[PDB]
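Here the structure is laid out as structure tokens; the discussion comes afterwards.
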Amino acid sequence: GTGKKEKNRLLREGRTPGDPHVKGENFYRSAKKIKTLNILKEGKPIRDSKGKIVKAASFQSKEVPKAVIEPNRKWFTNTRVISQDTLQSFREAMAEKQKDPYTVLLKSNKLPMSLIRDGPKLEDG
Amino acid sequence: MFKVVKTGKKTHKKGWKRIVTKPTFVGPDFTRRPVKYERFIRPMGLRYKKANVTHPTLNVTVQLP
Amino acid sequence: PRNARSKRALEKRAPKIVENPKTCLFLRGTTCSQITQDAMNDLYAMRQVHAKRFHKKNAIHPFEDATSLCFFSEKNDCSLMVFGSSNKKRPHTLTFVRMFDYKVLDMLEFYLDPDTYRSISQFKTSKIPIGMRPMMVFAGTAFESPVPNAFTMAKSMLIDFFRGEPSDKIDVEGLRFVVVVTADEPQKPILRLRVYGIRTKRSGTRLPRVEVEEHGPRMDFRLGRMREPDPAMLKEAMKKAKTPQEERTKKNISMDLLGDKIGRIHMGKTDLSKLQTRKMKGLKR
Amino acid sequence: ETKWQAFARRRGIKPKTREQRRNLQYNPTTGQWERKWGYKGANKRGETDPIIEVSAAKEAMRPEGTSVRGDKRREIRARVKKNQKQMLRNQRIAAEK
Amino acid sequence: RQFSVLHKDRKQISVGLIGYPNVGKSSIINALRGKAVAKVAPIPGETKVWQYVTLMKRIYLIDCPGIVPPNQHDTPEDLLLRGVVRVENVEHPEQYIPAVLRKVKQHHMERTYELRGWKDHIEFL
RNA sequence: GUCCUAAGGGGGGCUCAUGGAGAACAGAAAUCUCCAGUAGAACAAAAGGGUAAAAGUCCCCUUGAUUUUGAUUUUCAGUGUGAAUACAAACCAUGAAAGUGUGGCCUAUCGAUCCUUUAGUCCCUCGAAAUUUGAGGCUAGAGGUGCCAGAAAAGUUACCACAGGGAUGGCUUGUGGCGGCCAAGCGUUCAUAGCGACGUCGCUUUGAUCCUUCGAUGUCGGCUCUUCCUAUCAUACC
RNA sequence: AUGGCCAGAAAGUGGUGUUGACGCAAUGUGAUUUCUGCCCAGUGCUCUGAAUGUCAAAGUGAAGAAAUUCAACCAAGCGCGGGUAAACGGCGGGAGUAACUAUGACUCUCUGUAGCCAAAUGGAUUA
RNA sequence: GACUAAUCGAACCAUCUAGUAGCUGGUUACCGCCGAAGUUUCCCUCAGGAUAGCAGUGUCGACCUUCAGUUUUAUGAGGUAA
Ligand SMILES: Nc1nc2c(ncn2[C@@H]2O[C@H](COP(=O)(O)OP(=O)(O)OP(=O)(O)O)[C@@H](O)[C@H]2O)c(=O)[nH]1
Ligand SMILES: [Mg+2]
Ligand SMILES: [Mg+2]
């Protein structure tokens, strides 16, 4: 055939020449698979001969960041708005909402449910 | 922020899992990742959904989701 | 496009999923008669918002060469054209041109009857407001041909001429003017273009009684020379783009009345006839 | 697809988020918010500052007439020229296709 | 598999099995896998910790220990008859025999033990 | 080598190049006034009909340097409150208004002491001599990763082994956080600001419900036995 | 059986072999009882199928004065095109309609207080 | 991964062989005269380098010029108190 080398495999698969590769990639391993399996091996810091950490482990960087918030006009506006017609339509939708055992909920709609759900009963109130 | 979670039965433990030590908000329809692929652990005891929000002009504090 | 205004112009001229309303260019040849000029003036009065008008003489014969038409369409972003001509063989001719991607898609000639032609100013009536879209009626048996011919083509291009701006809603005050095109299958048939104003009267029922009165212009045409589209270019022209605001249908996926995404499961019929229960010692006689 | 888009698709390079690609950064030393590029950007830091400390070897290798205040503009223009040449190559390939 | 298709956007789906002890959760997992992957025993509390079993490439099964929701109307006799506890570690097991004799028809007991003619539970035992 | 509250957007006012006639210096060419001026100027593109109370040029307002929402489009996602993207809506700017307009453009990277390539006539050498090919050296040119070549040497060891190096504190205790108000007082009294104990006010079931227990990286025990502390359960006194 | 599995530096070398499919060799599973979710066709298995598409050495042809250069030709394998141990894998179905056939795309729809059936039993709750 | 002469994830014996180690341990009389130092500047870092600076012995040159971690004067910065 052509050869079982990695270069021959790349030439057979028609990869772009000069593209960088992650260490450990082979016929059985893709880049994302190599990253996923290297996640399991992550977590050990880099130390010198005397045991002092010279490079910290992943997500243990010990460096204190600058926690600042920029001035922005987006902070003083309304993120979500709803109209009265849409509110009334949602109230009607909750009114003839019915239950069905063979239908499952996959993603809830982010709605102001306090303005849509019917109020409590008179005796409870 | 993160603490190292040790896993394994040997004396030498694997340390890839990180647990969040601060309160977190996970959002609606939250299903946790399985343990084999859960790197960041957000515990159920530190999850909050509501906050006491004060309106500066009206001087009213209301618990809001 | 260094300038922001030129960038805006190129972005407006760029192809879109939801296209802009079509622009019509009104132009005439080197020799164009006064009746043909009046007919183009009436059509421009009907469609003045989305039309541009040329005022010079163009030495163009569209059925021989249309490179100048393609150049004008590219320069003016016009996808419909009304071209006026006059000749000994063809005394008063309106050349309706529809184009696709700055190339000529199809063309059709109309021969106008000079004796029965009445302009809009010849009727002392209240006229259509500027920019208002008229209603359309196409009548006769000439437009129901199973094979695409001159009359079906004329119906399609008159529809594109009188479309205006598409809209999801309309006020009931925008139903006051109607354009009626009548033609019959048969020596050559006459395509009659009329405009009427609509008035409503009491009839004692819920539905109003409609009465019409002529608005102008009065045009009589004989359908002339032809240029049909190529099948491939016609296919690309009649391809319909899909709006992002319409959801691709997925099986067992829906949205309920509250906006929640709902999935449907199918249990199937329960068949316990193939189940053998345990032969316990207490159940054996 | 351009050369970068093909390379990113092959290498799994996700596009940057809109909060990440903002033209805004916090300068700690001045304690002020400044832009990464553009008018008065961080890429042209010190072009209008009163005191610039230079290296003796740097003006030794510097040609006559040029000053230290234009080196950042020179390097920015070089990067702009390289990016523009790559963009023109991509446009030529797309027009060929 | 229908649930997996409904959640095809995820990498997989997880199915956790819950119920009382000794209802058949580990047995259901083993039956669905076709292989004895979870420990099964008639004694309650065989499953003490949660266990992952990879059923398919996109389906995981989670075995859980048997739970008993507390209720003031539930008696130790009711819990024992539902199968919460082991009968070896209970005191005076003969007091629960009348509950069994009420729950089971008499002829079923007679055909099970080939014995008849008792008046009460102590005589039967 | 310099200069700029950036470009852009909206609204308003004005008309440009040029020619003629005039005005101390000023004389072809400086500034000013009038007339005539289809744009022959300027701005964008490459009209065979771009723009004149404007698309030109000056003023006013914004300059907030890339907003929010989406069960929708496309792609991706072992970090799935989804991200990027398209579309739509809302918001925003401006104007009296009709309206108008924005909420980016791009790109793998590495060498330049590098890579590829050309010429040498009157350049030198191929060492027994010469000629013709060829080859090396030296010199002088050309282009710049589309046509300038290239840039794929992984793990595991709980079967193990060797050479070494290691193994916060006169802290803590009984009384929450955030935000507002009052406030003796401290200050201030050419500014009347700023701190402030004591408090107070908002958020965090008619004796109910029991059908909402919310994640081990950090590990304790048991026996025997002695002593100490008081932050006292019991016995003594009050 | 001028065969398989091996061994040897080689050998006119040795073993299986004083052997021949009810045998030898290599595997997986592991008494008996129970037992083979449905469905293929992506990786892989193999194909007495077409191609020269990739294509070494030797050989062939042309140019030059020759070194040399350029062309075809090029076995096995690969590739292309077929049938599967369908092992791994992947896998909601059921009807259609129409694009013609290659990719389909679209529309509709799914919810017996101890019996019946099987060659006494209906079992792994296995002595 | 068991056994193969108390030796087994490759037995024992002799040799190459005084193999290699940047790692560990150690490194032998007296007196006298001087006598220290930690980003200064450049380079892809850690499993990195040079290099400035500080020192001792000898000399040689007219050991010639004098210089100085100091003050004052003139003038900057600080016009800041007053
Ligand atoms: N007859 C019959 N018995 C069953 C069935 N399923 C389970 N069993 C029996 O019930 C017992 C319970 O089995 P488990 O798998 O341990 O069920 P569980 O609820 O998980 O028990 P825990 O481990 O305590 O939680 C088993 O010993 C089986 O013998 C069944 O379908 N039919
Ligand atoms: Mg059990
Ligand atoms: Mg169990």
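Structure notes:
- Filtered residue count, the stretch E:60-98, keeping only those that are closer than 30 Å to residue E:13 by Cβ and either of a type in the set (A, V, I, L, M) or away from ligand 1 (no atom under 14 Å from the Cβ) (or both): 6
- Within the stretch E:44-57, considering residues that are surrounded by fewer than 16 Cβ atoms within 10 Å (Cβ to Cβ) and within 13 Å of RNA strand G (Cβ to nearest atom), the one nearest to residue E:84 (Cα to Cα): E:54
- Among (1) within 16 Å of RNA strand H (Cβ to nearest atom); (2) within 30 Å of residue A:32 (Cα to Cα), the one test that residue D:14 misses: (1)
- Residue B:63 meets all of the listed conditions (1) farther than 19 Å from residue A:44 by Cβ; (2) more than 13 Å from chain A (Cβ to nearest Cβ) but one, namely (2).
- Failed criterion for residue A:77 (all others in (1) surrounded by 10 or more Cβ atoms within 10 Å (Cβ to Cβ); (2) more than 14 Å from chain C (Cβ to nearest Cβ); (3) over 25 Å from residue B:16 (Cβ atoms); (4) not acidic (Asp, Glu) hold): (1)
One line per residue, one yes/no per condition, for (1) over 18 Å from the mean Cα position of the chain (by Cα); (2) loosely packed, with under 15 Cβ neighbours inside 10 Å; (3) closer than 24 Å to residue C:229 by Cβ:
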{"site": "C:119", "(1), (2), (3)": "yes, no, no"}
{"site": "C:126", "(1), (2), (3)": "yes, yes, no"}
{"site": "C:162", "(1), (2), (3)": "no, no, yes"}
{"site": "C:181", "(1), (2), (3)": "no, no, yes"}
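Yes/no matrix, rows are residues, columns are (1) surrounded by 13 or more Cβ atoms within 10 Å (Cβ to Cβ); (2) not in a loop (DSSP other than H, G, I, E, B):
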site	(1), (2)
E:14	yes, yes
E:28	yes, yes
E:39	no, no
E:42	no, no
E:80	yes, yes
E:107	no, yes
E:110	yes, yes
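- Selection count where residues are in contact with a strand residue (DSSP E or B) (Cβ under 7 Å, 6 or more places away or on another chain) and within 14 Å of chain A (Cβ to nearest Cβ), scope the stretch C:232-274: 11
- Among the conditions (1) hydroxyl-bearing (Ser, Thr, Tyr); (2) more than 16 Å from RNA strand G (Cβ to nearest atom); (3) surrounded by 14 or more Cβ atoms within 10 Å (Cβ to Cβ), residue E:75 misses just one, which is (3).
- Which numbered condition residue D:52 misses (of (1) of a type outside the set (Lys, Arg); (2) away from chain A (no Cβ under 14 Å); (3) within 26 Å of residue D:86 (Cβ to Cβ)): (3)
- Restricting the stretch E:27-70 to residues that are of a type outside the set (A, V, I, L, M), more than 15 Å from ligand 2 (Cβ to nearest atom) and away from every other protein chain (no Cβ under 14 Å), the residue that is farthest from residue E:5 (Cα to Cα): E:70
- Residues in the stretch C:199-242 that are in a loop (DSSP other than H, G, I, E, B) and loosely packed, with under 14 Cβ neighbours inside 10 Å: C:202, C:203, C:204, C:205, C:206, C:207, C:208, C:230, C:239, C:240, C:241, C:242.
- Of all the listed residues (A:60, A:84, A:88), the sole one being of a type in the set (S, T, N, Q) and within 14 Å of chain B (Cβ to nearest Cβ) is A:60.
- Number of residues in the stretch A:1-17 that are within 14 Å of chain D (Cβ to nearest Cβ) and part of a helix (DSSP H, G or I): the value is 2.
- Qualifying positions in the stretch D:1-50 - closer than 30 Å to residue D:68 by Cα, assigned to a loop (DSSP other than H, G, I, E, B) and of a type in the set (D, E, K, R): D:21, D:22, D:35, D:36, D:40, D:45, D:47, D:49
- Qualifying residues in the stretch E:88-115 (those that are within 15 Å of residue E:77 (Cβ to Cβ) and β-branched (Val, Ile, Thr)) - the one nearest to the other protein chains (Cβ to nearest Cβ): E:104
Read-outs throughout are calculated quantities, based only on the coordinates presented, and are distinct from any laboratory measurement. So basically every Cβ, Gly included, is an ideal-geometry build from the backbone, and we count neighbours across all protein chains shown.
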